[PDB]
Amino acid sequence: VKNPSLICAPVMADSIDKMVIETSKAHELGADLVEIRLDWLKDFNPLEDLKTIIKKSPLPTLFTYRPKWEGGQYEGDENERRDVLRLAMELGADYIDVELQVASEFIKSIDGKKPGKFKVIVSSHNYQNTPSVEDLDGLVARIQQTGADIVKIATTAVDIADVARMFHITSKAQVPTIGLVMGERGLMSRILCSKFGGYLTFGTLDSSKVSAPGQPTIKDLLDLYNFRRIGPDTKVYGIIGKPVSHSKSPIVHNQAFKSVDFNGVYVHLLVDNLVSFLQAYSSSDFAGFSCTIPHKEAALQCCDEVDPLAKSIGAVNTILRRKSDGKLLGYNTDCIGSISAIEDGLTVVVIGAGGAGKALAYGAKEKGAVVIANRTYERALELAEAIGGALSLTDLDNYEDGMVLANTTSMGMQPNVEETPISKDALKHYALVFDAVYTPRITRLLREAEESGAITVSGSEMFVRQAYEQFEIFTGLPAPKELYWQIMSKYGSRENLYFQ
């Protein structure tokens, strides 16, 4: 509905002087407005303090004095609380957020007293779930009926499929609407506002100044997700996984899309049930997906058509939605990525028999030489016979001297930084050691291997390679290889990052 979504920065410092400094930082960062959370102020002298904030703030102001009964911090007289909000309006506030429960009474009290450049936001918070479209419509209607200028609804995501309902509300409600879904599983609702008609989204000054679960930083909205470039026609892509917060796919693909001016946006997709997810987002708005742990196998089954390579491997890490009919096509870029990465580094001992293990095993055979060691023996066995090559995860420790080791399990992946699939005593037997885990870049395994005298190949080499191949599949444009290497070096080098 109407204009692109604004970016509002929550201001919660416990003193007036600190809030003033925060409004300045919000400006520096690129926010469009700030939400002053008055209920977080330790000491508060209404007239004096409100006067100061309004005078010194470089950005439009939105005042909120949230009470404990609506998830806020304020306790005490209700009339006093309301007097403060009215006082804010009188002094020049650009907006005030008033709770639905008392919005009727409030809006009546200011009838014919509203300044020219002043709008009243009426909000509702649901800390349990995201109601049906039927119930959301009734909520919108109730809020409109109070005389609100802007409708604000915040729900909670029990499952990622819940977000689709909020997009329907922001996209079709004929009234300015701020619609957000809280929780990691609802993050997408905070990023794609400009495509689905949302009036505003909240971005934080920093990762520690969060006012509600799931809020991203202003910096990431602008520079990582390319917020300003998102519009009604932008195609949506994402990394499907569980967990998925460690993924850097959104960093590299959004940079690349921007560089070649491709109208697309890439986000994190925390998925519990793959089947329900694909069914919930089958529209042409969702054009493609990357798939990581542990949905690579399930992805294969959900595809209408599977590339010969993906089929022989038994796993899919790339899904494309054909604009023609609207069916899903499956591909596998993991094989080429891992094999090419290893060869460049130079009997392959593959640790793990899941999606990545299957691809690396297959490809290793295609090149000539393969042993599969897995926690769950049966899987390693099944795989070994599938490509003519099994080893018990325990026998791997005491298992030639110029062999190559390739870990494809999630052992060592953040935050399990001290896990390693094998004893460093067996490393001296390998010439090269590869690790698919790329977060962190240097796992305990690669570290002890480097100390074992062997040559190492980090998962980042495999990551960039499989990623530029996905770009080509998604956009139909030649893989900009050199570009992806540059993007990863410049923007994807920081460790311990979680997007949630």
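From 1 onward, residues are counted along the sequence shown.
Student: Looking at the deposited sequence, how many residues between residue 175 and residue 176 were given no coordinates in the entry: none, 1 to 3, 4 to 9, or 10 or more?
Tutor: The entry has no gap there; residue 175 and residue 176 are joined directly.
Student: Determine, for stretches 118-126 and 332-340, which one has the higher mean CA B-factor as deposited.
Tutor: Higher of the two, by average CA B-factor, is 332-340.
Student: Would you determine, from the values in the PDB entry, which of 402-410 and 250-258 has the greater average C-alpha temperature factor?
Tutor: So the stretch with the higher mean C-alpha B-factor is 402-410.
Student: According to the Cα B-factor stored in this entry, which of the following is highest: 217, 145, 394, 201?
Tutor: Comparing C-alpha B-factors across 217, 145, 394, 201, the top value belongs to 394.
Student: Among 78, 305, 99, 94, where is the Cα B factor highest in this entry?
Tutor: Out of 78, 305, 99, 94, the record gives the largest C-alpha B-factor to 305.
Student: Relative to the other modelled residues of the same chain, rank the CA B-factor of residue 66 and answer lowest, middle or highest third.
Tutor: Lowest third - that is where residue 66 ends up once the chain's C-alpha B-factors are sorted.
Student: For residue 232, does the deposited CA B-factor place it in the lowest, middle or highest third of the chain?
Tutor: CA B-factor rank for residue 232: middle third.
Student: Splitting the chain's C-alpha B-factors into thirds, which one does residue 472 fall into?
Tutor: Middle third - that is where residue 472 ends up once the chain's C-alpha B-factors are sorted.
Student: Just say lowest, middle or highest third for the CA B-factor of residue 421 relative to the other modelled residues in its chain.
Tutor: Its C-alpha B-factor, which the entry lists for residue 421, ranks in the highest third among residues of this chain.
Student: Just say lowest, middle or highest third for the CA B-factor of residue 433 relative to the other modelled residues in its chain.
Tutor: Within its chain, residue 433 is a highest-third residue by C-alpha B-factor, going by the deposited values.
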